[PDB]
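Residue numbers (the authors' numbering), protein chains in the order written: chain H, 1 to 133, 141 to 221; chain L, 3 to 215; chain A, 388 to 503, 511 to 623.
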């Protein structure tokens, strides 16, 4: 019902600009104050700025003030975060939040978040290799990508129990790897097709891998 | 400019126990204090507002207290689903500030890792690199030695590992060690052995294969 | 309510929260139950409310968060604003709502009587510095009156009338404000709750020697009963 989707994240050189967006739905947007809270990689919650229902009254954390500009337009249901003079300390998952119902201010709705990575290193797609076989373990190896993150699902979402997508490792090379694996019924290996759906947004890379026992 | 001191940083407790987390504001914020739960992989979510008011949907084992300067957040009977980082936040004035967060983890009966090894794909070897994977699945406690051997020789420094965050149904952990080598140096050897050690196996467990499966 | 203190369920059963629904449901003002179908409140609360179709009166409320989708309320059939009400600072700041339905009263939603004072309580919801937000738990403060004569002396260029009655502390610190507006000054006299003043207007809030001005309900009784029939 109530929903906030953010977008505009991605990779940007230091000194760069980026406009973040948040599409609010299922509530009367106009009437609620809104904040951006971010969270740098492993972790800490940090409030960035907020803006009142009507767009006047805007307010900022010291570390972004004079660099970031919050704004909204209520006739499109959208909150913005114009981010300039970016700097590695701005790398973080950016959350769009609503500042609460009429009787308290806090963040009562959050979006999924969007990742901003400030770095002058270049985008690379991962290679995707199979990890082939009561119960059987199979996986994919998602190797040699930058920046984070890689998303990973199995059978287009329809396979959930048994799945561990490992947090990413950073290699000697300055590039990330991870593994996603799942444990399934051994009977299913003859019958069922196991695909891992890998998507590394910063390189338009949507790759899908059959993992077959050998 | 108001600072929020959360404590402790992390804790461990068994399902059913009282868990109590504290949050001290550097000045009087009366009851303008909120608590959040962030589950692993997920966005934080608001549990308590105004120090003790418990929001819609929040189960009755959560509660809070305090005003002025000392706050407390408590879980009457900790469940496996309460695995998470919890965060306090003053809403007294701008800027809004949060605590550092308390990582909350589950103690439970030891479970042995169930251990699998993966050769490198034919597909990867044709790009000249040879990644070899050991999976240790669903074990507690998180403590686990992994030790790689080629033709029984202990490897060192050409391996990297990663542990998952704690499963929220069964409280287990999983780990993935990856031995990385050249097509070249992988081809110089035959027996690829992964040696897991844990407090839940009687003795270390070795998984292996010879090249040519 | 400024510098006051959390109330408790059942306590001020004549307090009500009067909500607007448009454009979003929220607390507008206080009211006081005075009869089957009658809330008495302030007129300045209907500033651009052009129709009763958007009001809801909840009674037997303590936390504002208590009010969910399925909670019972009384709609408002009519808004009767004093014929002479044109501006708060110049009096007549009184109003009644005729309800769609009537109160099946209980312990926590009874009426309060009128007058004809020493133990006087100001209740209400009222605002905060910060996102124009409304205090969640119904607040109360005990305050004593100040003679119109003293009040008058502390407002040199507005005119305190016989149809006004004032009430803070001289040190300051305790008041009803915006959000509390329309809400009761209830006084226990010979051990009985009479509705004596209505939170109307003021200069600052709870400021030292600047007391609130409250529609002096005593002077409108006959006005009220040309309509509680």
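Note that beta-carbon positions come from the ideal geometry of N, C-alpha and C, so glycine has one too.
Residue nearest to residue 119 of chain H in terms of C-alpha spacing, selected from H:17, H:23, H:6, H:1: Mapped onto the first chain, residue 119 of chain H falls at position 119. It is H:17.
Thinking just about the alpha-carbon of each residue, which of H:113, H:85, H:115, H:162 is nearest to the one in residue 69 of chain H? Stepping through the first chain from its first residue, residue 69 of chain H is reached at position 69. Here the closest residue by C-alpha is H:85.
Might you give, ordered along the chain, the residues of its own chain that have their beta carbon closer than 8 Å to the beta carbon of residue 586 of chain A, omitting 5 neighbours on each side? For the purposes of this step, residue 586 of chain A is taken as the residue at position 192 of the third chain. Closer than 8 Å at Cβ, skipping near neighbours: 500.
Using a Cβ-Cβ distance cut-off of 7 Å, determine whether residue 172 of chain H contacts chain A. Along the first chain, one-based indexing puts residue 172 of chain H at 165. Answer no: the Cβ-Cβ gap between residue 172 of chain H and chain A never drops below 7 Å.
Contact check, residue 13 of chain L vs residue 106 of chain L, beta carbons under 7 Å: Here residue 13 of chain L is taken as the residue at index 11 of the second chain, counted from 1. Here residue 106 of chain L is taken as the residue at index 104 of the second chain, counted from 1. In this structure, residue 106 of chain L lies closer than 7 Å to residue 13 of chain L by Cβ.
Under 7 Å between the Cβ atoms of residue 31 of chain L and residue 104 of chain L? If you number the second chain from 1, residue 31 of chain L lands on position 29. If you number the second chain from 1, residue 104 of chain L lands on position 102. Not closer than 7 Å, so no.
Within the segment 115 to 187 of chain L, note down every full alpha helix (DSSP H) run reaching 4 residues or more, in order along the chain. 124 to 127
Taking the C-alpha atoms as reference points, what is the distance between residue 514 of chain A and residue 567 of chain A? The residue labelled residue 514 of chain A in the question sits at position 120 within the third chain. The residue labelled residue 567 of chain A in the question sits at position 173 within the third chain. If I take the Cα positions, the gap works out to 16 Å.
Residue burial classification, residue 594 of chain A (beta-carbon count within 10 angstroms, cutoff 16): Counted from its first residue, the third chain places residue 594 of chain A at position 200. Result: buried.
Between the Cα of residue 57 of chain L and the Cα atoms of L:64, L:49, L:63, which residue gives the shortest distance? Here residue 57 of chain L refers to the residue found at position 55 when the second chain is read from its first residue. Ranking the options by Cα distance to residue 57 of chain L, first place goes to L:49.
Check each residue of the segment 85 to 106 of chain L: if its Cβ is closer than 8 Å to any Cβ of chain H, include it; give the result in chain order. 87, 89, 91, 93, 96, 97, 98, 99, 100, 102, 103
Neighbour-count burial assignment, residue 465 of chain A, 16 or more Cβ in a 10 Å radius: Sequence index remark: in the third chain, residue 465 of chain A carries index 78 (1-based). With fewer than 16 other Cβ atoms within 10 Å, it is exposed.
Kindly identify the DSSP beta-bridge partner or partners of residue 24 of chain H. Indexing the first chain from 1 puts residue 24 of chain H at position 24. The partner list for residue 24 of chain H (beta bridge, DSSP) reads H:4.
For the segment 21 to 36 of chain H, which residues have a beta carbon sitting closer than 7 Å to at least one beta carbon of chain A? Within the segment 21 to 36 of chain H, the qualifying residues are 28, 30, 31, 33.
Beta carbons nearer than 9 Å to chain A: which residues of the segment 79 to 110 of chain H have them? Against chain A - using a Cβ distance shorter than 9 Å - the residues of the segment 79 to 110 of chain H are 99, 100, 101, 102, 103, 104, 105.
What is the DSSP secondary structure of residue 86 of chain H, counted as helix, strand or coil? On the first chain, residue 86 of chain H is found 86 positions in, with the first residue counted as 1. Coil at residue 86 of chain H, not helix or strand.
Which residue or residues does DSSP assign as beta-bridge partners of residue 601 of chain A? For the purposes of this step, residue 601 of chain A is identified with residue 207 of the third chain, where counting begins at 1. BP columns for residue 601 of chain A are empty, so no partner.
Need the endpoints of the beta strand (DSSP E) that residue 46 of chain H sits in, please. In the first chain, the residue the question calls residue 46 of chain H occupies position 46. Run containing residue 46 of chain H: 46 to 51, per the beta strand (DSSP E) assignment.
Taking the Cβ atom as the reference point for each residue, do residue 19 of chain H and residue 94 of chain H lie within a distance shorter than 7 Å? Here residue 19 of chain H corresponds to residue number 19 of the first chain, with the count starting at 1. Here residue 94 of chain H corresponds to residue number 94 of the first chain, with the count starting at 1. No, they are not a contact pair.
Contacts of residue 452 of chain A in chain L (Cβ-Cβ under 7 Å): To locate residue 452 of chain A, count along the third chain from 1; it is residue 65. Neighbours of residue 452 of chain A on chain L, chain order: 55.
Let me check understanding here. Comparing Cα to Cα, which of H:22, H:171, H:181 lies closest to residue 144 of chain H? Counting from 1 along the first chain, the entry for residue 144 of chain H is found at position 137. Among H:22, H:171, H:181, the Cα nearest to that of residue 144 of chain H is on H:171.
In whole angstroms, what is the alpha-carbon distance linking residue 99 of chain H and residue 106 of chain H? Position 99 of the first chain holds residue 99 of chain H. Position 106 of the first chain holds residue 106 of chain H. Rounded to the nearest angstrom, the two C-alpha atoms are 5 Å apart.
Over what stretch of residues does the beta strand (DSSP E) that includes residue 161 of chain H continue unbroken? Here residue 161 of chain H refers to the residue found at position 154 when the first chain is read from its first residue. 158 to 161 is the extent of the beta strand (DSSP E) around residue 161 of chain H.
C-beta contact flag for residue 463 of chain A and residue 403 of chain A at 7 Å: Start at 1 with the first residue of the third chain, and residue 463 of chain A comes out as number 76. Start at 1 with the first residue of the third chain, and residue 403 of chain A comes out as number 16. Not a contact, by the Cβ cut-off of 7 Å.
Figure out for me which residue from L:6, L:10, L:137, L:102 has the closest Cα to the Cα of residue 119 of chain L. Residue mapping note: residue 119 of chain L aligns to position 117 of the second chain, counting from 1. Nearest C-alpha to residue 119 of chain L: L:137.
Every unbroken alpha helix (DSSP H) inside the segment 412 to 470 of chain A [4 residues or more]: Segments of the alpha helix (DSSP H) lying fully in the segment 412 to 470 of chain A: there are none.
Using a Cβ-Cβ distance cut-off of 7 Å, determine whether residue 30 of chain L contacts chain A. Along the second chain, read from residue 1 onward, the residue named residue 30 of chain L stands at position 28. It does not; no Cβ of chain A falls within 7 Å.
Under 7 Å, Cβ to Cβ, is there at least one residue of chain H near residue 120 of chain L? Residue mapping note: residue 120 of chain L aligns to position 118 of the second chain, counting from 1. It does; some Cβ of chain H falls within 7 Å.
Can you tell me where the beta strand (DSSP E) with residue 217 of chain H in it begins and where it stops? Against the first chain, residue 217 of chain H aligns to sequence position 210. Note, residue 217 of chain H: beta strand (DSSP E), 212 to 218.
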